[PDB]
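Undergrad:
2 protein chains.
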Amino acid sequence: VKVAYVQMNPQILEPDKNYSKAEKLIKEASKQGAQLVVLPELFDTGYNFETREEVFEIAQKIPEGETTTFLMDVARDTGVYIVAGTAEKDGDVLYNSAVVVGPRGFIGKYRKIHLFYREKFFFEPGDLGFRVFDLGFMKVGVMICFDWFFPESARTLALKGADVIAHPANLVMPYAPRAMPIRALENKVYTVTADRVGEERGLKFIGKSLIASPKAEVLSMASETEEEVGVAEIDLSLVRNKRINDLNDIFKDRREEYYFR
Amino acid sequence: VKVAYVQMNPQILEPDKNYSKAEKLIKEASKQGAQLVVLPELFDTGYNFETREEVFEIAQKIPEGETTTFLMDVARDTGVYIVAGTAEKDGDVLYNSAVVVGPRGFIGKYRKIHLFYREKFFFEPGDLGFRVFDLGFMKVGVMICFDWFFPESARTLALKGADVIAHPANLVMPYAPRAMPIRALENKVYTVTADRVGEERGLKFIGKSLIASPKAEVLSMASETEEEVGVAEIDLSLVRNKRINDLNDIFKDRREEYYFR
Ligand SMILES: [Br-]
Ligand SMILES: [Br-]
Ligand SMILES: [Br-]
Ligand SMILES: [Br-]
Ligand SMILES: [Br-]
Ligand SMILES: [Br-]
Ligand SMILES: [Br-]
Ligand SMILES: [Br-]
Ligand SMILES: [Br-]
Ligand SMILES: [Br-]
Ligand SMILES: [Br-]
Ligand SMILES: [Mg+2]
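Protein chains in written order, with the deposited numbering: chain A, 2 to 262; chain B, 2 to 262.
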């Protein structure tokens, strides 16, 4: 099974530009055999807002707004499933969300649980929890950007049978590409972190989108500044069986009575 | 304040040789200005038992047994605090434990919660949970080797207020050195992994004892093969403040209602 990230430079407040860019790159990941393609956090709107008004004005509803319908068009046309970061307008309120779409249309969304830094000024903290989406051929967990920092995010996803963690990101700190292999190891899952690149109103993002294996292998890593795709073949049986030797199964060996809440 | 590991080669079934070796190295750590000194998993008995009988015969009671007694003597004479892995006899049961002693006497013990591989044939799973010992001048959390694999181990100790996680280990997998800086980071603690070295009845330990900082920096890492001590200064203020910026505090930011559910 093949999974991909799309690393791209969301132009802030310019969604038609970002659609065009994301279409190009999803098609690229598709041509390379990806059945799952993951885009950055807030790929449509960009990231570094000053006011809520400017993002809210343009943010789209899920699933009926322009970002999701665009992604559905693309999924329909390419036959891939897509996990993509999007500013989600929901009534009066904005979420930093990820939509999941497939060739049959809308699959689901995840709202960023752990808001980072100034996101707290613009976005409501996520309220849907950590969800795993069964695509039939695979179960896809989703978390966004800062979620990587809390091992609980990946853990919750993995415990819920995620084969792959899809991880739209707009990373500013340098730690995530290092931590992601450990998240993948400790849960015995695959992770696909799709980072954006670029400078936005003085803020630079890290690039370094990456795919990580359940043995903490980096199967694919992107540049710091270029828009690109990366793909990796993943072996589902490896992640579905949590044994790490004949006498230890990660999930069976967990002893939650001892884990502080 | 400086903390240290003692990386050593326990000779299986030879506590008196391991005492003398441990004493030598703890004094070294102390001369180097360590106030806290961490020793490997099962430093006194060694690890790779053929049968439960061989370890059961030699395993010492804690605190009244020879291992604790010897460590108390050393703690006193060198003026250091010691965290050390020891096989614990407790009636008919055996635990894979860690003792904590300081210059004035016995502080406490930790019993390995997550048993690895054949340890399940000799030891009972630990039953005292993850404890943090307050030395007055710092709070020392303890976990042992495979415990690192579960992010919950370090998390629990960090949430319980560890400044440092003392981590007696006999690592055989490749992962822990790379994982420990991530554990330090995600918890904003320091970690002191005191691994053993040696090839013991065919099982090869990896060494690479390390002290990781809360910025995921390796402050000291040991060789793969050699017995040695490593010392690093730790900034207590840095770990007692969970702020990662002025809008994010790691512990304030955890959203526990969404975890593992
Ligand atoms: Br536009
Ligand atoms: Br293919
Ligand atoms: Br679908
Ligand atoms: Br939904
Ligand atoms: Br779910
Ligand atoms: Br966790
Ligand atoms: Br000696
Ligand atoms: Br003491
Ligand atoms: Br005790
Ligand atoms: Br291994
Ligand atoms: Br240092
Ligand atoms: Mg909370």
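C-beta atoms are modelled at their ideal positions from N, C-alpha and C, and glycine is treated no differently.
Consider the Cβ of residue 168(A): report whether some Cβ of chain B lies at a distance smaller than 8 Å.
TA: no
Undergrad: Which bits of chain B does residue 72(A) rub up against, with CB to CB less than 7 Å?
TA: Simply none; closest approach about 25 Å.
Undergrad: Determine the direct distance from the alpha carbon of residue 206(B) to that of residue 98(B), and round the result to whole angstroms.
TA: Residue 98(B) and residue 206(B) have their C-alpha atoms some 18 Å from each other.
Undergrad: Mind checking which residues open and close the alpha helix (DSSP H) that includes residue 192(A)?
TA: Unbroken run through residue 192(A) is the beta strand (DSSP E), 191-196; no alpha helix (DSSP H).
Undergrad: Name the one or two DSSP bridge partners that residue 211(B) has.
TA: 194(B) and 222(B)
Undergrad: Within 10 angstroms of its Cβ, does residue 204(B) collect 16 or more other Cβ (buried), or is it exposed?
TA: exposed
Undergrad: Would DSSP call residue 169(A) helix, strand or coil?
TA: strand
Undergrad: Between the segment 140-152 of chain B and the segment 168-183 of chain B, do three or more beta carbon pairs fall short of 8 Å?
TA: yes
Undergrad: For the segment 94-119 of chain B, which residues have a beta carbon sitting closer than 9 Å to at least one beta carbon of chain A?
TA: 114, 115, 116, 117, 118 and 119
Undergrad: Can you list, in chain order, the residues of its chain whose CB lies under 6 Å from that of residue 120(B), leaving out five sequence neighbours each side?
TA: Short of 6 Å from the beta carbon of residue 120(B), and not among the five residues preceding or following it, lie these beta carbons of its own chain, in chain order: 97.
Undergrad: If I'm right that residue 95(A) touches residue 123(A) with Cβ under 8 Å, what's the distance once you round it to whole angstroms?
TA: 6 Å
Undergrad: Starting from residue 29(B), trace the alpha helix (DSSP H) both ways and give me its first and last residue.
TA: 16-32
Undergrad: Shortest alpha-carbon distance to residue 62(A) belongs to which of 161(A), 27(A) and 100(A)?
TA: Answer by Cα proximity: 100(A).
Undergrad: Rounding to the nearest angstrom, what Cα-Cα distance links residue 92(A) and residue 60(A) in this structure?
TA: 11 Å
Undergrad: For a contact defined as C-beta to C-beta under 8 Å, what are the partners of residue 145(B) on chain A?
TA: Residues of chain A passing the Cβ test: none, with the nearest at roughly 13 Å.
Undergrad: Would you verify that the beta carbon of residue 124(A) is, or is not, closer than 8 Å to some beta carbon of chain B?
TA: no
Undergrad: Between the C-alpha atoms of residue 215(B) and residue 140(B), what's the straight-line distance to the nearest angstrom?
TA: Note on geometry: alpha-carbon atoms of residue 215(B) and residue 140(B) lie some 15 Å from one another.
Undergrad: At 3 residues or longer, and completely inside the segment 112-178 of chain B: list those beta strand (DSSP E) runs for me, N to C.
TA: 133-135, 140-143 and 165-170
Undergrad: Considering only heavy atoms of ligand 10, does any lie closer than 7 Å to the CB of residue 181(B)?
TA: no
Undergrad: Looking only at DSSP bridge pairs, what is residue 3(B) linked to?
TA: By DSSP's assignment, residue 3(B) forms a beta bridge with 35(B) and 234(B).
Undergrad: In terms of alpha-carbon separation, which member of 161(A), 53(A) and 7(A) lies closest to residue 31(A)?
TA: 7(A)
Undergrad: Which residue wins for smallest C-alpha separation from residue 167(B), given the options 199(B), 77(B), 160(B) and 134(B)?
TA: Nearest C-alpha to residue 167(B) among 199(B), 77(B), 160(B) and 134(B): 134(B).
Undergrad: Looking at residue 172(A): is its Cβ nearer than 8 Å to the Cβ of residue 217(A)?
TA: no
Undergrad: With distances taken Cα to Cα, identify the nearest neighbour of residue 90(B) among 83(B), 78(B), 251(B) and 43(B).
TA: 43(B)
Undergrad: Scan the segment 236-256 of chain B for residues whose Cβ lies nearer than 7 Å to a Cβ of chain A and list them as they occur along the chain.
TA: 246, 248, 249, 254, 255 and 256
Undergrad: Buried or exposed: which applies to residue 10(A), given that a residue is buried once 16 or more other Cβ atoms fall within 10 Å of its Cβ?
TA: buried
Undergrad: Could you check if residue 113(A) belongs to the surroundings of ligand 5, using beta carbon to heavy atom distance under 7 Å?
TA: no
Undergrad: Answer yes or no: the CB of residue 209(A) versus the heavy atoms of ligand 7, is any distance below 7 Å?
TA: no
Undergrad: With a cut-off of 8 Å, do at least 3 Cβ pairs link the segment 26-40 of chain B to the segment 243-258 of chain B?
TA: no
Undergrad: By Cβ distance, which residues of its chain are closer than 6 Å to residue 212(A), with the 5 residues on each side in sequence left out?
TA: So the list reads 193, 220, 221 and 233, once near-sequence residues are dropped.
Undergrad: Could you run through the segment 179-210 of chain A and flag, in chain order, every residue whose CB is less than 8 Å away from some CB of chain B?
TA: 179, 180, 182, 183, 186 and 187
Undergrad: Do residue 133(A) and ligand 5 come close, with the Cβ less than 7 Å from some heavy atom?
TA: Yes - ligand 5 has a heavy atom lying nearer than 7 Å to the Cβ of residue 133(A).
Undergrad: Could you pull out every residue in the same chain whose Cβ sits closer than 7 Å to the Cβ of residue 19(B), ignoring the five residues on either side in sequence?
TA: 11, 12, 44 and 45
Undergrad: Looking at chain A, is there any beta carbon in it that lies within less than 8 Å of the beta carbon of residue 152(B)?
TA: yes
Undergrad: By the criterion of Cβ-Cβ separation under 7 Å, what are the contact partners of residue 130(B) in chain A?
TA: Below the 7 Å Cβ cutoff, chain A contributes 259 as neighbours of residue 130(B), in chain order.
Undergrad: Along the segment 33-49 of chain A, what residues have a CB closer than 9 Å to any CB found in chain B?
TA: none
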